[PDB]
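S.K.: Quick one, coords13.pdb (PDB, C-alpha atoms (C1' of nucleotides)):
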```pdb
ATOM      1  CA  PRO A 175       0.342  47.148 -17.678
ATOM      2  CA  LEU A 176      -0.093  48.390 -21.239
ATOM      3  CA  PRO A 177       0.648  46.610 -24.545
ATOM      4  CA  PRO A 178       1.994  48.571 -27.535
ATOM      5  CA  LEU A 179       0.422  49.359 -30.907
ATOM      6  CA  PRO A 180       2.058  51.438 -33.657
ATOM      7  CA  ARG A 181       0.753  53.839 -36.267
ATOM      8  CA  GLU A 182       1.667  52.100 -39.526
ATOM      9  CA  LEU A 183       0.245  48.794 -38.341
ATOM     10  CA  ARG A 184      -3.106  50.554 -38.512
ATOM     11  CA  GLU A 185      -3.236  50.290 -42.271
ATOM     12  CA  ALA A 186      -2.913  46.498 -41.986
ATOM     13  CA  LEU A 187      -5.755  45.670 -39.615
ATOM     14  CA  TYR A 188      -7.931  47.729 -41.953
ATOM     15  CA  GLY A 189      -6.012  46.026 -44.766
ATOM     16  CA  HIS A 190      -5.583  42.264 -45.029
ATOM     17  CA  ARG A 191      -7.819  39.628 -43.511
ATOM     18  CA  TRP A 192      -6.487  38.191 -40.247
ATOM     19  CA  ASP A 193      -6.891  35.148 -38.036
ATOM     20  CA  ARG A 194      -5.535  34.395 -34.563
ATOM     21  CA  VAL A 195      -4.537  31.111 -32.913
ATOM     22  CA  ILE A 196      -3.266  30.583 -29.389
ATOM     23  CA  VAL A 197      -0.621  27.895 -29.527
ATOM     24  CA  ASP A 198      -0.560  26.750 -25.903
ATOM     25  CA  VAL A 199      -0.742  28.421 -22.497
ATOM     26  CA  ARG A 200       1.653  27.111 -19.889
ATOM     27  CA  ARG A 201       2.106  27.623 -16.164
ATOM     28  CA  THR A 202       5.706  27.851 -14.994
ATOM     29  CA  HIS A 203       6.844  27.981 -11.371
ATOM     30  CA  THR A 204       9.518  29.796  -9.397
ATOM     31  CA  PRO A 205      10.178  29.686  -5.646
ATOM     32  CA  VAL A 206      11.524  33.150  -4.802
ATOM     33  CA  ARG A 207      13.239  34.867  -1.849
ATOM     34  CA  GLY A 208      10.665  36.413   0.379
ATOM     35  CA  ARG A 209       7.029  35.507  -0.279
ATOM     36  CA  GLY A 210       6.747  32.104  -1.970
ATOM     37  CA  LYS A 211       5.936  30.537  -5.338
ATOM     38  CA  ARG A 212       5.502  33.013  -8.180
ATOM     39  CA  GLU A 213       3.982  31.652 -11.392
ATOM     40  CA  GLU A 214       3.683  33.149 -14.857
ATOM     41  CA  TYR A 215       1.386  32.148 -17.664
ATOM     42  CA  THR A 216       3.408  31.937 -20.869
ATOM     43  CA  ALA A 217       1.270  32.219 -23.973
ATOM     44  CA  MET A 218       2.163  31.785 -27.604
ATOM     45  CA  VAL A 219       0.015  33.364 -30.316
ATOM     46  CA  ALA A 220       0.296  32.867 -34.060
ATOM     47  CA  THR A 221      -1.252  35.292 -36.544
ATOM     48  CA  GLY A 222      -1.304  35.203 -40.322
ATOM     49  CA  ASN A 223      -3.285  36.750 -43.125
ATOM     50  CA  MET A 224      -3.908  33.614 -45.247
ATOM     51  CA  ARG A 225      -1.943  35.047 -48.198
ATOM     52  CA  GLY A 226       1.572  34.239 -47.064
ATOM     53  CA  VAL A 227       2.573  36.621 -44.271
ATOM     54  CA  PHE A 228       2.940  34.809 -40.968
ATOM     55  CA  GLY A 229       3.622  35.939 -37.422
ATOM     56  CA  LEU A 230       4.485  34.503 -34.041
ATOM     57  CA  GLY A 231       4.305  36.139 -30.626
ATOM     58  CA  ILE A 232       5.406  34.816 -27.254
ATOM     59  CA  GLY A 233       4.107  36.593 -24.192
ATOM     60  CA  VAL A 234       4.724  36.291 -20.468
ATOM     61  CA  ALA A 235       2.517  37.751 -17.733
ATOM     62  CA  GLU A 236       0.877  36.968 -14.429
ATOM     63  CA  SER A 237      -2.643  36.159 -15.655
ATOM     64  CA  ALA A 238      -3.980  34.235 -18.621
ATOM     65  CA  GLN A 239      -6.026  36.935 -20.340
ATOM     66  CA  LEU A 240      -3.209  39.470 -20.066
ATOM     67  CA  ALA A 241      -0.656  36.904 -21.246
ATOM     68  CA  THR A 242      -2.692  35.871 -24.271
ATOM     69  CA  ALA A 243      -3.384  39.529 -25.051
ATOM     70  CA  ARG A 244       0.325  40.371 -24.835
ATOM     71  CA  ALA A 245       1.314  37.495 -27.096
ATOM     72  CA  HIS A 246      -1.655  38.401 -29.323
ATOM     73  CA  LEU A 247      -0.312  41.896 -29.827
ATOM     74  CA  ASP A 248       3.316  40.749 -29.983
ATOM     75  CA  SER A 249       2.533  38.459 -32.905
ATOM     76  CA  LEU A 250       0.695  41.263 -34.656
ATOM     77  CA  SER A 251       3.778  43.395 -34.149
ATOM     78  CA  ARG A 252       6.103  40.703 -35.567
ATOM     79  CA  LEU A 253       5.251  39.597 -39.111
ATOM     80  CA  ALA A 254       7.321  37.727 -41.672
ATOM     81  CA  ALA A 255       6.381  37.004 -45.271
ATOM     82  CA  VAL A 256       6.525  33.508 -46.758
ATOM     83  CA  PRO A 257       6.268  32.663 -50.486
ATOM     84  CA  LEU A 258       3.827  29.945 -51.552
ATOM     85  CA  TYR A 259       2.851  28.453 -54.856
ATOM     86  CA  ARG A 260      -0.377  30.392 -55.647
ATOM     87  CA  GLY A 261      -1.262  30.436 -51.965
ATOM     88  CA  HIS A 262      -1.488  26.694 -51.328
ATOM     89  CA  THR A 263       1.863  24.848 -51.266
ATOM     90  CA  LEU A 264       5.544  25.398 -50.686
ATOM     91  CA  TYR A 265       8.176  25.458 -53.383
ATOM     92  CA  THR A 266      10.588  22.759 -52.275
ATOM     93  CA  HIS A 267      10.802  19.908 -49.873
ATOM     94  CA  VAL A 268      11.520  21.403 -46.458
ATOM     95  CA  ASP A 269      13.473  19.771 -43.646
ATOM     96  CA  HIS A 270      14.480  21.626 -40.468
ATOM     97  CA  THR A 271      15.403  21.145 -36.828
ATOM     98  CA  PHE A 272      14.771  23.551 -33.982
ATOM     99  CA  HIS A 273      15.603  22.678 -30.514
ATOM    100  CA  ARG A 274      16.128  19.043 -31.428
ATOM    101  CA  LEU A 275      12.912  18.311 -33.304
ATOM    102  CA  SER A 276      12.936  16.722 -36.752
ATOM    103  CA  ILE A 277      10.137  18.227 -38.826
ATOM    104  CA  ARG A 278       9.786  16.870 -42.353
ATOM    105  CA  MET A 279       7.624  18.797 -44.768
ATOM    106  CA  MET A 280       6.664  18.041 -48.366
ATOM    107  CA  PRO A 281       4.707  19.790 -51.106
ATOM    108  CA  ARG A 282       1.497  18.191 -52.337
ATOM    109  CA  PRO A 283      -0.548  19.011 -55.452
ATOM    110  CA  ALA A 284      -3.549  21.200 -54.771
ATOM    111  CA  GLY A 285      -6.614  19.417 -53.586
ATOM    112  CA  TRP A 286      -4.614  16.883 -51.637
ATOM    113  CA  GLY A 287      -5.985  18.502 -48.509
ATOM    114  CA  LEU A 288      -4.019  18.971 -45.339
ATOM    115  CA  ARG A 289      -2.630  15.720 -43.991
ATOM    116  CA  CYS A 290      -1.219  17.243 -40.901
ATOM    117  CA  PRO A 291      -1.099  17.059 -37.086
ATOM    118  CA  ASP A 292      -3.210  18.986 -34.612
ATOM    119  CA  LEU A 293      -1.887  22.509 -34.035
ATOM    120  CA  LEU A 294      -0.145  22.603 -37.376
ATOM    121  CA  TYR A 295      -3.529  22.276 -39.087
ATOM    122  CA  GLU A 296      -4.643  25.626 -37.674
ATOM    123  CA  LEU A 297      -1.153  26.957 -38.371
ATOM    124  CA  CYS A 298      -1.225  25.998 -42.053
ATOM    125  CA  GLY A 299      -4.763  27.314 -42.380
ATOM    126  CA  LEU A 300      -3.510  30.466 -40.695
ATOM    127  CA  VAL A 301      -0.620  31.270 -43.012
ATOM    128  CA  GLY A 302      -2.382  29.783 -46.015
ATOM    129  CA  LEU A 303      -1.032  26.300 -46.657
ATOM    130  CA  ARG A 304      -3.906  24.259 -48.034
ATOM    131  CA  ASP A 305      -2.056  21.223 -49.442
ATOM    132  CA  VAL A 306       0.992  19.944 -47.472
ATOM    133  CA  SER A 307       1.908  16.628 -45.843
ATOM    134  CA  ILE A 308       4.053  17.015 -42.699
ATOM    135  CA  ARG A 309       5.376  14.824 -39.921
ATOM    136  CA  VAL A 310       7.218  15.974 -36.788
ATOM    137  CA  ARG A 311       9.791  13.725 -35.120
ATOM    138  CA  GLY A 312      11.868  13.898 -31.987
ATOM    139  CA  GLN A 313      10.336  14.969 -28.682
ATOM    140  CA  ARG A 314       7.093  16.547 -29.880
ATOM    141  CA  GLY A 315       6.032  17.494 -26.353
ATOM    142  CA  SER A 316       6.310  21.259 -26.830
ATOM    143  CA  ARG A 317       3.998  23.428 -28.887
ATOM    144  CA  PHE A 318       6.348  26.418 -28.776
ATOM    145  CA  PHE A 319       9.223  24.766 -30.574
ATOM    146  CA  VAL A 320       7.082  23.358 -33.377
ATOM    147  CA  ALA A 321       5.697  26.866 -33.874
ATOM    148  CA  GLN A 322       9.136  28.536 -34.025
ATOM    149  CA  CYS A 323      10.509  25.612 -36.043
ATOM    150  CA  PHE A 324       7.663  25.952 -38.513
ATOM    151  CA  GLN A 325       8.312  29.682 -38.948
ATOM    152  CA  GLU A 326      11.998  29.092 -39.680
ATOM    153  CA  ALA A 327      11.170  26.090 -41.874
ATOM    154  CA  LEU A 328       8.889  28.273 -43.957
ATOM    155  CA  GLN A 329      11.652  30.851 -44.143
ATOM    156  CA  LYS A 330      14.200  28.285 -45.414
ATOM    157  CA  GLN A 331      12.951  27.702 -49.008
ATOM    158  CA  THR A 332      13.967  29.327 -52.327
ATOM    159  CA  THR A 333      12.013  31.443 -54.840
ATOM    160  CA  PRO A 334      12.096  31.186 -58.653
ATOM    161  CA  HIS A 335      11.160  34.791 -59.502
ATOM    162  CA  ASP A 336      14.572  36.205 -58.580
ATOM    163  CA  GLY A 337      16.170  34.668 -61.657
ATOM    164  CA  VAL A 338      14.512  35.565 -64.985
ATOM    165  CA  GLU A 339      16.038  39.057 -65.070
ATOM    166  CA  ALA A 340      19.614  37.926 -64.524
ATOM    167  CA  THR A 341      19.932  34.316 -65.616
ATOM    168  CA  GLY A 342      18.961  34.835 -69.251
ATOM    169  CA  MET A 343      16.791  31.807 -69.052
ATOM    170  CA  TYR A 344      13.006  31.739 -68.990
ATOM    171  CA  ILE A 345      11.111  29.779 -66.345
ATOM    172  CA  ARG A 346       7.770  28.159 -67.374
ATOM    173  CA  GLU A 347       6.062  24.762 -68.392
ATOM    174  CA  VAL A 348       4.763  23.280 -65.133
ATOM    175  CA  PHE A 349       3.104  20.286 -66.874
ATOM    176  CA  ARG A 350       3.673  17.007 -65.144
TER     177      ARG A 350
ATOM    178  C1'   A B   1      -3.839  11.490 -68.265
ATOM    179  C1'   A B   2       1.403   8.847 -62.693
ATOM    180  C1'   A B   3      -3.458   9.966 -56.944
ATOM    181  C1'   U B   4       2.331   9.695 -52.748
ATOM    182  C1'   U B   5       4.065  10.230 -44.362
ATOM    183  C1'   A B   6      -1.973  13.125 -38.242
ATOM    184  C1'   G B   7      -0.892  13.024 -32.955
ATOM    185  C1'   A B   8      -2.213  13.513 -27.784
ATOM    186  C1'   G B   9      -1.952  12.177 -22.410
ATOM    187  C1'   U B  10       1.628  10.185 -19.192
ATOM    188  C1'   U B  11       8.054  11.555 -15.041
ATOM    189  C1'   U B  12       8.986  16.807 -12.595
ATOM    190  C1'   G B  13       8.678  22.535  -7.858
ATOM    191  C1'   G B  14       8.564  23.733 -12.979
ATOM    192  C1'   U B  15      11.612  23.699 -18.249
ATOM    193  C1'   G B  16      14.119  20.679 -21.817
ATOM    194  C1'   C B  17      15.857  15.894 -22.945
ATOM    195  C1'   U B  18      15.704   9.951 -22.411
ATOM    196  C1'   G B  19      12.992   5.932 -23.890
ATOM    197  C1'   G B  20       8.791   3.202 -22.409
ATOM    198  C1'   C B  21       3.240   2.610 -21.503
ATOM    199  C1'   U B  22      -1.701   3.877 -23.178
ATOM    200  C1'   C B  23      -5.768   6.059 -26.255
ATOM    201  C1'   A B  24      -7.695   7.782 -30.918
ATOM    202  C1'   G B  25      -6.551   4.327 -36.970
ATOM    203  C1'   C B  26      -7.488  -0.186 -40.113
ATOM    204  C1'   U B  27      -8.443  -5.425 -40.208
ATOM    205  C1'   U B  28     -10.055  -9.809 -37.513
ATOM    206  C1'   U B  29     -13.355 -14.075 -34.683
ATOM    207  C1'   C B  30     -20.224 -19.179 -34.704
ATOM    208  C1'   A B  31     -14.882 -14.320 -28.884
ATOM    209  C1'   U B  32     -17.929 -12.483 -24.097
ATOM    210  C1'   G B  33     -21.884  -9.612 -22.385
ATOM    211  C1'   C B  34     -26.722  -6.469 -23.330
ATOM    212  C1'   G B  35     -31.006  -5.941 -28.111
ATOM    213  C1'   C B  36     -33.652  -7.102 -32.089
ATOM    214  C1'   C B  37     -34.487 -12.152 -34.494
ATOM    215  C1'   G B  38     -40.031  -8.989 -40.483
ATOM    216  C1'   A B  39     -38.869 -11.031 -45.713
ATOM    217  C1'   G B  40     -36.064 -11.454 -50.383
ATOM    218  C1'   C B  41     -31.973 -11.132 -54.050
ATOM    219  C1'   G B  42     -26.734 -12.039 -53.461
ATOM    220  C1'   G B  43     -21.678 -12.221 -52.620
ATOM    221  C1'   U B  44     -18.320 -14.538 -49.899
ATOM    222  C1'   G B  45     -15.905 -16.762 -45.691
ATOM    223  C1'   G B  46     -14.819 -20.652 -42.313
ATOM    224  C1'   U B  47      -8.094 -24.744 -42.720
ATOM    225  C1'   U B  48     -13.833 -28.618 -36.196
ATOM    226  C1'   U B  49      -8.864 -22.299 -36.477
ATOM    227  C1'   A B  50      -6.351 -26.818 -32.361
ATOM    228  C1'   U B  51      -6.453 -33.402 -32.093
ATOM    229  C1'   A B  52      -1.941 -36.342 -38.041
ATOM    230  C1'   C B  53      -7.406 -37.035 -31.099
ATOM    231  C1'   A B  54     -11.471 -42.236 -30.644
ATOM    232  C1'   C B  55     -15.035 -42.718 -34.023
ATOM    233  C1'   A B  56     -21.930 -45.025 -33.581
ATOM    234  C1'   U B  57     -24.625 -45.071 -37.956
ATOM    235  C1'   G B  58     -25.837 -43.800 -43.231
ATOM    236  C1'   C B  59     -23.749 -42.331 -47.842
ATOM    237  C1'   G B  60     -19.314 -41.061 -50.936
ATOM    238  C1'   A B  61     -16.873 -45.639 -57.926
ATOM    239  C1'   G B  62     -19.123 -47.815 -60.251
ATOM    240  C1'   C B  63     -20.199 -48.370 -65.519
ATOM    241  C1'   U B  64     -20.773 -52.491 -69.487
ATOM    242  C1'   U B  65     -21.811 -57.026 -72.994
ATOM    243  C1'   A B  66     -22.034 -65.957 -64.804
ATOM    244  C1'   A B  67     -17.469 -64.376 -67.450
ATOM    245  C1'   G B  68     -14.496 -60.775 -69.108
ATOM    246  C1'   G B  69     -13.414 -55.127 -70.705
ATOM    247  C1'   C B  70     -12.646 -49.624 -68.166
ATOM    248  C1'   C B  71     -12.338 -47.084 -62.625
ATOM    249  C1'   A B  72      -3.784 -43.289 -60.393
ATOM    250  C1'   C B  73      -9.197 -37.561 -61.893
ATOM    251  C1'   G B  74     -11.632 -35.197 -58.130
ATOM    252  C1'   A B  75     -11.883 -34.230 -51.730
ATOM    253  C1'   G B  76      -9.272 -33.436 -47.113
ATOM    254  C1'   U B  77      -5.088 -32.228 -43.701
ATOM    255  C1'   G B  78       0.192 -30.173 -42.876
ATOM    256  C1'   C B  79       2.844 -35.338 -39.277
ATOM    257  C1'   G B  80       7.370 -35.179 -41.420
ATOM    258  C1'   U B  81      10.672 -31.948 -44.389
ATOM    259  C1'   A B  82      15.399 -26.048 -43.576
ATOM    260  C1'   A B  83      16.005 -29.252 -48.965
ATOM    261  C1'   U B  84      15.238 -35.291 -54.758
ATOM    262  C1'   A B  85      11.036 -29.495 -51.361
ATOM    263  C1'   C B  86       9.080 -24.585 -53.530
ATOM    264  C1'   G B  87       9.983 -20.437 -56.717
ATOM    265  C1'   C B  88      12.777 -18.139 -60.688
ATOM    266  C1'   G B  89      16.128 -18.762 -65.215
ATOM    267  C1'   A B  90      18.602 -21.560 -69.162
ATOM    268  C1'   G B  91      19.148 -26.138 -71.763
ATOM    269  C1'   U B  92      16.960 -31.159 -72.326
ATOM    270  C1'   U B  93      19.360 -37.580 -74.071
TER     271        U B  93
END
```
Before anything else, please render the file you have as structure tokens.
M.R.:
Amino acid sequence: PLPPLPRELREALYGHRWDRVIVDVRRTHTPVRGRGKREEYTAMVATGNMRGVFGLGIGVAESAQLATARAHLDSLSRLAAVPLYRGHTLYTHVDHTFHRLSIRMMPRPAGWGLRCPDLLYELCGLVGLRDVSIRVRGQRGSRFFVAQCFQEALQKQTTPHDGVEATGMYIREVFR
RNA sequence: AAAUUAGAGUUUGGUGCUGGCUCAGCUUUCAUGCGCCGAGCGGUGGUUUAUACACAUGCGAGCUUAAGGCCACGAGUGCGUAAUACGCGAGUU
């Protein structure tokens, strides 16, 4: 089989910096009419550029290298952009729930460090979150749902630069 | 110049739930093995944790002009007490 790569993505791999993280690789099972038990390796690859554009890719195949390569290229096909404060923290408090998992995410002032669970440490270093305290609640037994949940939870927040043109009201003085 | 939330493994042919068990965290013992006991300056800590069990012996309240004058402060334990207790807040005959 052959995985796809476009033309205009080939200004980006020559463009931004990039890092790659496999989320988890999982072996599923199916007993099938005719020959027996067919398995697929499902692989989940995250890819960011450490400046606030994040990507996820889920891939399914028969063997582990081909599965991780498919999810590797699927993530690099699928990128979404996430606003940060100066590349280290998120704008608001963030709460979200994918499948039924209660993530709770807070901003922290820069130089707090990442106080953060296992895979989400590489995830926040991937997209570029240097200073965030998180906790995940509910059944945390799946890596895939915390990855997808984290992508949507990043996409939830609100940006202040879409106001100053049209609110008549200037937005500055960040002194605590 | 206000200093502020870590999970993972475990259940099933697999997936997700459902809550439980465990490990990684910090603190804690004259704990129990195995090993050193070089020497000094120190902090500190033992509620002999328990027995409010039985105490050998020695010492802990004597001072002072026979006689008289002053020795209810210090130390220990938590039996009893669920409220004249203890804490907090007002006023006192």
S.K.: Please determine, counting all atoms listed in the file, which residue among A:328, A:338, A:306, A:235 has the shortest atom-to-atom distance to chain B.
M.R.: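 Among A:328, A:338, A:306, A:235, it is A:306 that comes nearest to chain B.
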S.K.: One decimal, Å: what's the distance from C1' of residue 85 in chain B over to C1' of residue 48 in chain B, could you say?
M.R.: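 Distance reported for this atom pair: 29.1 Å.
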S.K.: I'd like the residues picked by the PyMOL selection byres ((chain B and resi 47) around 9) written out as an NGL selection string, using the chain letters and numbers from the file.
M.R.: :B and (46 or 49 or 77)
S.K.: Residues of chain B near chain A: apply a cut-off of 6 Å, count only C-alpha atoms (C1' of nucleotides), and supply the list as a PyMOL selection string.
M.R.: chain B and resi 6-7+14
S.K.: Rank A:189, A:244, A:271, A:300 by their smallest atom-to-atom distance to residue 223 in chain A, using only C-alpha atoms, and report the top residue only.
M.R.: A:300
